[PDB]
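Chain by chain, the residues run as shown.
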Amino acid sequence: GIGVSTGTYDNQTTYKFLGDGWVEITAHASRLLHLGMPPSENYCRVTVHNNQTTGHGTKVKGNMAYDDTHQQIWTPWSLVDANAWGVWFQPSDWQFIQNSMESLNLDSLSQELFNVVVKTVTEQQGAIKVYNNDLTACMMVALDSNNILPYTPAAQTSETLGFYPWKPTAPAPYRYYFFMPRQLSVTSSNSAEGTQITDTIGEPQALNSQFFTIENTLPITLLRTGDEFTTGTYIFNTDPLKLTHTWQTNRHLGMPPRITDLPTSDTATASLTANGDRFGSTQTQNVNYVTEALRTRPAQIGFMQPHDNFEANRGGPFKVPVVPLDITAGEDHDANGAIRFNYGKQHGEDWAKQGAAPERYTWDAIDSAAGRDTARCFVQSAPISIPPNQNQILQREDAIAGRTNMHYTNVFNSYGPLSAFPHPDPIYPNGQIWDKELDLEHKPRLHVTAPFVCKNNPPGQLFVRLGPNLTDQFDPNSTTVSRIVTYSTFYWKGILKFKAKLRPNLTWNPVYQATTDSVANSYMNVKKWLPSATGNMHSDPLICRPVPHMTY
Amino acid sequence: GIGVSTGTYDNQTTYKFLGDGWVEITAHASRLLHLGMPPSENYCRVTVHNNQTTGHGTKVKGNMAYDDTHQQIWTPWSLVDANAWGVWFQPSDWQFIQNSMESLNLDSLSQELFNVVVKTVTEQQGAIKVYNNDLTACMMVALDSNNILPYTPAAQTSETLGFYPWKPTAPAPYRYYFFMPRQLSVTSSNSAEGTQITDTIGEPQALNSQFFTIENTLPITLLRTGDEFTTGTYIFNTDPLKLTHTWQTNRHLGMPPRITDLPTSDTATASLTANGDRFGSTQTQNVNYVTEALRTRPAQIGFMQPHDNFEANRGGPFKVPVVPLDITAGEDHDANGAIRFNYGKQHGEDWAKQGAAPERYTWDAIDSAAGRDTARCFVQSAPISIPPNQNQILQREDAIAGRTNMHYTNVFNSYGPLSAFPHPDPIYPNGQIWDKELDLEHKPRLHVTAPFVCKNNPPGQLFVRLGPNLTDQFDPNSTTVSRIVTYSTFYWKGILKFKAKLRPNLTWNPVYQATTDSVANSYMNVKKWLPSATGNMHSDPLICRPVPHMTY
Amino acid sequence: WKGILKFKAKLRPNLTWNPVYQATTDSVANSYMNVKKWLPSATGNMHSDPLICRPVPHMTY
Amino acid sequence: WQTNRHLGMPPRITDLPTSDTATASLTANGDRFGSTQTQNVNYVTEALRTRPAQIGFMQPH
Ligand SMILES: [Cl-]
Ligand SMILES: [Cl-]
Ligand code: NA
Ligand code: NA
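Listed as the method for this PDB entry is X-ray crystallography; the listed resolution is 3.2000 Å.

Chemist: It is not clear to me how the overall build of chain A should be interpreted in this structure. Could you clarify?
Modeler: If you tally the helices and strands in chain A, you get 3 helices and 29 strands. Its C-alpha atoms put chain A at 95 × 70 × 50 Å along the principal axes. Here chain A holds 552 residues, and the buried ones make up 47% of them. By element, 53% of the accessible surface of chain A is carried by carbon and sulfur atoms, the whole surface being about 27,900 Å². Between the averaged position of the 41 positive side-chain charges in chain A and that of its 49 negative side-chain charges there is a distance of 2 Å.

Chemist: Any chance you could explain the interface of chain A and chain C here in plain terms?
Modeler: Interfaces are often sized by the accessible area lost when the parts come together. Across the boundary between the two partners, chain A contributes 31 residues, which contact 21 residues of chain C. Summed over both partners, the interface of chain A with chain C buries about 2,300 Å², with 63% contributed by carbon and sulfur atoms. Broken down residue by residue, the surface that chain A buries against chain C is led by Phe96(A), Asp266(A) and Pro510(A), which jointly contribute 21%. At the boundary of chain A with chain C, the tally comes to 0 salt bridges. Between the two partners, chain A and chain C, sit 11 residue pairs in polar contact. Of all the secondary-structure elements, those providing two or more residues to the side of chain A that touches chain C are β2 (13–19) and α2 (91–100) of chain A. Counting residues per element, the side of chain A that touches chain C draws most heavily on α2(A), at 6 residues.

Chemist: How should the coordination of the sodium ion (ligand 4) be read in this particular structure?
Modeler: Any two of four tetrahedral donors ideally make an angle of 109.5 degrees at the metal, while pairs among six octahedral donors ideally make 90 or 180 degrees. Protein coordination at the sodium ion (ligand 4): the donors are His333(B) (N) and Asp334(B) (N), at 3.1 Å from the metal. Here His333(B) matches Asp334(B) in class, with each residue buried.

Chemist: Can you help me understand the interface of chain D and chain B in this one?
Modeler: On the chain B side, the residues contacting the 45 residues of chain D number 70 residues. Of the roughly 5,100 Å² buried between chain D and chain B, counting both surfaces, carbon and sulfur atoms make up 59%. The three residues of chain D that bury the most area against chain B are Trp1(D), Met9(D) and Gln37(D), which together make up 17% of that side's buried surface. The tally of links between chain D and chain B comes to 3 salt bridges. Across the pair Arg5(D) and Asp67(B) runs a salt bridge whose closest N-O atoms are separated by 3.2 Å. Our enumeration of links across chain D and chain B arrives at 28 residue pairs in polar contact. Partitioned by chemical class, the residues of the side of chain D that touches chain B number 21 nonpolar, 17 polar and 7 charged. Bridge analysis of strand β19 (residues 339–343) of chain B against strand β1 (residues 34–36) of chain D gives 3 bridges, and the strand direction is antiparallel. Residue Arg340(B) lies in a different strand from β1(D), and its bridge partner there is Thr36(D).

Chemist: Explanation requested: a nonpolar patch on the surface in the structure shown.
Modeler: All names here are of chain B. A cluster of nonpolar side chains, contributed by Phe17, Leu18, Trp22, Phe96 and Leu502, occupies part of the molecular surface with about 460 Å² of accessible area. Here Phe17 is to be found in strand β1 (residues 13–19). Here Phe17 falls in the partly exposed class, since its relative accessible area comes to 46%.

Chemist: What's the story with the packing of aromatic side chains in this structure? I'm lost.
Modeler: Aromatic ring pairs are reported here in terms of the distance separating the ring centres and the angle at which the planes meet. Tallied over the entire structure, the rule returns 56 aromatic pairs over all chains. Their ring planes at 75° and their centres at 5.8 Å tell us that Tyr43(B) and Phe211(B) sit as a pair that is edge-to-face. The interplanar angle of 50° and the centroid separation of 6.5 Å between the aromatic rings of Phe89(B) and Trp94(B) together place this pair among those described as tilted. Residue classification places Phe89(B) among the buried positions, given a relative accessible area of 4%. The exposure class of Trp94(B) is buried, given its relative accessible area of 2%. Taken together, the ring pairs connect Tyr164(A), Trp166(A), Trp351(A), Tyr43(B), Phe211(B) and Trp17(C) into an aromatic cluster. Geometry around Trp77(B) places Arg465(B) over its ring, the cationic atom sitting 5.7 Å from the centre. The ring of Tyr32(C) carries the charged tip of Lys37(C) above its face, separated from the ring centre by 3.4 Å.

Chemist: What's the story with the environment of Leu222(B) in this structure? I'm lost.
Modeler: Relative to the elements of secondary structure, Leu222(B) occurs in strand β11 (residues 220–223). Each C-alpha atom of the pair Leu222(B) and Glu292(B) lies 69 Å from the other, and the pair is 70 residues apart in sequence. With residues up to four places along the chain from it excluded, the contact list for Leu222(B) reads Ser5(A), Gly7(A), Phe114(A), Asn115(A), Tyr491(A), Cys138(B), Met139(B), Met140(B) and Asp227(B).

Chemist: Please clarify how the nonpolar core should be interpreted in this entry.
Modeler: Grouped burial of nonpolar side chains is what soluble globular proteins tend to show. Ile25(B), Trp85(B), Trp88(B), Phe89(B), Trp434(B), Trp492(B) and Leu496(B) are the most contacted members of the largest nonpolar core, which totals 62 residues. Of all the secondary structure elements, the ones that give two or more residues to this core are β2 (22–36), α1 (85–88), α2 (91–100), β5 (101–123), β7 (139–144), β19, β26 (461–466) and β27 (486–502) of chain B. Ranked by residue count, the leading element in this core is β5(B), at 7 residues. Sequence-distant contacts of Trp434(B), defined by excluding residues within four places in its chain, comprise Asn83(B), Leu106(B), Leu109(B), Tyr151(B), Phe236(B), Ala450(B), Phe452(B), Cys454(B), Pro459(B) and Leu496(B). Within the second largest apolar cluster, 58 residues are counted, among which are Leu104(A), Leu106(A), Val118(A) and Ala137(A).

Chemist: Whenever I open this one, α2(B) confuses me. Can you help?
Modeler: Note: α-helices contain 3.6 residues per turn, so residues at a spacing of three or four share the same orientation. Looking at α2(B), one finds that the buried residues are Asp93(B), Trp94(B), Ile97(B), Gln98(B) and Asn99(B). Of the surrounding elements, those touching the buried residues of α2(B) are β1, β2, α1 and β5 of chain B.

Chemist: I'm lost on the pairing of strand β5 (residues 70–80) of chain A in this one. Help?
Modeler: On a regular strand, one side chain projects to one face of the sheet and the next to the other, so that they alternate. All names here are of chain A. Judged by how many residues are buried, β5 sits mostly within the fold: 10 of 11 residues are covered. Relative to β5, strand β4 (residues 44–48) runs antiparallel, the two sharing 5 bridges. Opposite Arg45, over in β5, you have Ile73 as the bridge partner. Taken together, the 3 bridges between β5 and strand β27 (residues 461–466) define a ladder with antiparallel strand orientation. For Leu79, the partnering residue across the bridge sits in β27 and is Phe463.

Chemist: Can you help me understand the environment of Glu215(B) in this one?
Modeler: Topologically, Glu215(B) is positioned in helix α3 (residues 214–217). Sequence separation of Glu215(B) and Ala142(B) is 73 residues, and the distance between their C-alpha atoms is 9.0 Å. The residues contacting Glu215(B), other than those within four sequence positions of it, are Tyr9(A), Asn11(A), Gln12(A), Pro165(A), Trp166(A), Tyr43(B), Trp77(B), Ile220(B) and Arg465(B). A polar atom in the side chain of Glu215(B) sits 3.3 Å from the side chain of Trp77(B). Of the polar contacts made by the side chain of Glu215(B), one reaches the side chain of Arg465(B); its length is 3.4 Å.

The rules behind the values
- Residues numbered from 1 in each chain as written, not as in the entry; some residues may be left out.
- Chains lettered and ligands numbered in written order.
- Part of a larger assembly, values for the part shown.
- Heavy atoms only, no water.
- Helix = DSSP H or I, 4+ residues; strand = E, 2+ residues; numbered from the N terminus.
- Buried < 20%, exposed > 50% of the residue type's maximum accessible area, 1.4 Å probe, protein only.
- Areas by Shrake-Rupley, 256 points an atom, 1.4 Å probe, with all protein chains shown as cover.
- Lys, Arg positive; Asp, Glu negative; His and termini not counted.
- Charge placed at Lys NZ, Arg CZ, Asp CG, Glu CD.
- Contact = heavy atoms within 4.5 Å.
- Buried area = accessible area lost by both parts, 1.4 Å probe.
- Salt bridge = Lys/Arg side-chain N within 4 Å of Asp/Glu carboxyl O.
- Polar contact = N/O pair within 3.5 Å; in protein donor to acceptor, adjacent residues only side chain to side chain.
- Donors = N, O, S within 2.8 Å, 3.2 Å for Na, K, Ca; no water.
- Nonpolar A, V, L, I, M, F, W, Y, C, P; charged D, E, K, R; others polar.
- Pairing = 2+ DSSP bridges.
- Patch = residues over 30% accessible without salt bridge, like charges linked within 9 Å, V, L, I, M, F, W, Y side chains within 5 Å.
- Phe/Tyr/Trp six-rings, centres within 6.5 Å; stacked < 30°, edge-to-face > 60°.
- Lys NZ or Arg CZ within 6 Å of the ring centre and 35° of its normal.
- Core = buried A, V, L, I, M, F, W, Y, C linked by side-chain atoms within 4.5 Å.

Put into structure tokens, the structure is as follows:
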């Protein structure tokens, strides 16, 4: 099958309406991939320990947050990961879906590898390189259907496939965490100089050691140029994702109080009846009156989260994740889990930009009703008295354990049986799409890194690597390795299907839509999604869930 | 399928007579094509701005007509366009059809690509080049069936395939217009020096930006050496094209006036009855008499067109097209839309000719009854008096708005409900054959650039390009691109079918036929269509619609 | 008076790479498309200005 | 949005722009291929170039 293609390139997004507002979005994605031989032929147990006593080391006082120490199993295999919005839709698609649909769900996933080509490189004189075809050479493929091997979402480290169809990409090298004891003590710059920082890493433990190899756990297919490989279709079992945001906060839940009379002019206000004589209910029985702020609501929309909370286990210190909610007027970023990420040119960064530094963006939850304005928050002693003297009210300013900047809001946890909140927004195009659930008896109500969590087993990971291309001289009992310089290219097609539903339209007023404009320096300027004079592209994160929706 | 051909070369024109004068002309065309890799791997938004203050720039006073500024989307794809008479018939065929047929219509179109070959180039020492086969390499093909992408008739810029079967050709690179604001002010050489010329180009607009990619809109087929690709048959839906010209002008419509007596000798004239006593009708009731010139005719054959009218939109100034009619005795070229075009050696120019300059030819409408002799035209004030004093008649000489060379005929529009005219002539071999209709609610009664306009959807455009042939070292996060030097060759066969009808023959006198002769320096000298001592060819535009036909 | 007017309409295709121009509303004071124009006043005064249409561009040839 | 100036095959640029701020140039008017309806001048230009039809038109006002 040498001179015949084994597949079809297709990167078009097709919409099929079944009627009644239901839509079958079928996203085809194809890319040309490049795979080079592994630097090492075997599996390595690598360790990373940044315990320098200067700069961003862990030995310098107060540098816990900079910790990067861990151990990993480095494998000669590579992973083909397309789990990221940017791989399947072009900007316009995302816009169209966000502006017209109100619901979206995963349906099925399929992939195939085809048109494999393997080449060898040899030298010449002047020295120039020459490229030849190794027709008989092959490429190894493996598919972990049952997810035996460690799950490693490439989207988390901007290592998925490129978001540009006409540009080539490459698979990310496979590696996974290995257990290793890790202890690091807490210190501050103010902390005494004589104080010694404990920075330790231990030996591999029997109770937690897990070394897996692709060779020993999965069946492997060999692909020569005339071969091709298919995964067959996988069926998703996940919950629908709302494509709208909520705005009603506790202050907007239920029957608004009855105004006494209609405003007298277009600029006037209206007044309610006296607090003392108004009907209603409160949960503070020390005061005989009702007020929008004291009034009993059905439940609590949103909640206070501990920030910037760091916890520690055998592995080391780590920042506890927080539910991405609205950052409010006050713009309390860390308190409401805003997410900031850095990515490469393959995933959005302007191709024109130069320097090692990646592009960075901070994602602020679309929803406006579940965030928390730490500044304006406060707790009043009871029996409650209004107004309260400084000794019967704890607020932002007040300091905990005599620390100027540590306020109660930093360690306050408001989560409770009455807490209700929306689901994290999907992030085009850098966002991860689906995720494997944690194998623990008691699971989390959601994940921060992805909108769709597989209730059952998630689609299996696709692994590839070049077959060792040996030379004429080879000795097994020698650690020395000689291999012919080889590399390969091949195409990848994937088919992701969604089930989506068109939105209803009942408000009298026009609704907020995701648009583009011509105003210079505007975030939504058309010029950002067009090519430059030399073809440089730029794909910034797009808004989503533009349309508002009743919460109650 | 390495060592086996995947198609057949065929460039013969076959005539099948079904009887009753109906003919099925099946034109087979085949060419060997050459495709090199694109200079750039991606899509570019290129701009052209000739705003120099010297020479043919737009900044120099009175140089509007020289404007070339515009913006375009440059793509790494190439287009295979065979939409031009020269691709399907050899001179003799065209002659035979023009001399014997009276009607011609498009029936069906089919095409295929086959016998693909891809080669790589490497260096050597002395340095010489070496060519090798990349058996596993492939070529990309895409067919836009629904005409989603911008229609770009290659015939308009002499970029279709070559008109010589035994000579190789290459596809034209694909590119399309992109919206960009453009303003240019009007000035004349006489115009004051201090006067400043406004020459502006704006930023991409949100309301009119359309960036398409082949990858995202069409399914793409990969062709390795042993593969081949077919379009299947497309059926045309167009109106028939008359292969005759008309000669009757308003002066020859209807009952000629009755002569009083037959001429007395072979050199004598005959006379009609006195104007004052002749029967008939006119539309000028100030004079009591009829005359061939005043006499009422059924309708108006031909009409006055504004020339050389330039109009302006956001895009810029442009020459308004005009219906190609007869240029009359007076030879008023621009007033009757004569078409002049410049073409290369691949499309007619004498191969022997040397210099960058292309060959140029001016096409004068075959029809002799719808043109306008601006010089002899005139308007008479009414009530009409004959003869008219200089103040009651506007003629050529008179100047508009005190401008010596601007005469009324320059801005006069005679088009009206009574206007009737023939269809533009087909032009062998440089002429375009069919054309896509404009997607506007109210369409034009015809196109100037083509005789056949598709009532429905036109045949889709055929796109090709080489697959990026990567090297051993590749980095995605780098803007740097390294590719192996590659190029390819492949054959293209096309089958175009026409339905034509043999002409009737009723005149007593022999009729005008398209012939060839031996008279030196004659436009129709046989020597022009023969090869030179070293094989240099020359294919000049051939006459068409030689036979005259009754108009009424 | 009750009236019933029926239309037959077709959903649009989406093929451009770049996001397309949409008719939107905003919060910028004194903007022609400010939300406040389509809401009632404190005493119920309404205001309905002409809305844009045919926002999406389309190939002509 | 396409006006007479944006109808058909754009002229072929000689080379791709050298930088993100540069322009590209076409081949000399005198040597460029194409067609016009003004046969007094031996050259083609976006403004003189023959288009299929006339989009829009002048109205008496
Ligand atoms: Cl799968
Ligand atoms: Cl076709
Ligand atoms: Na913050
Ligand atoms: Na003329």
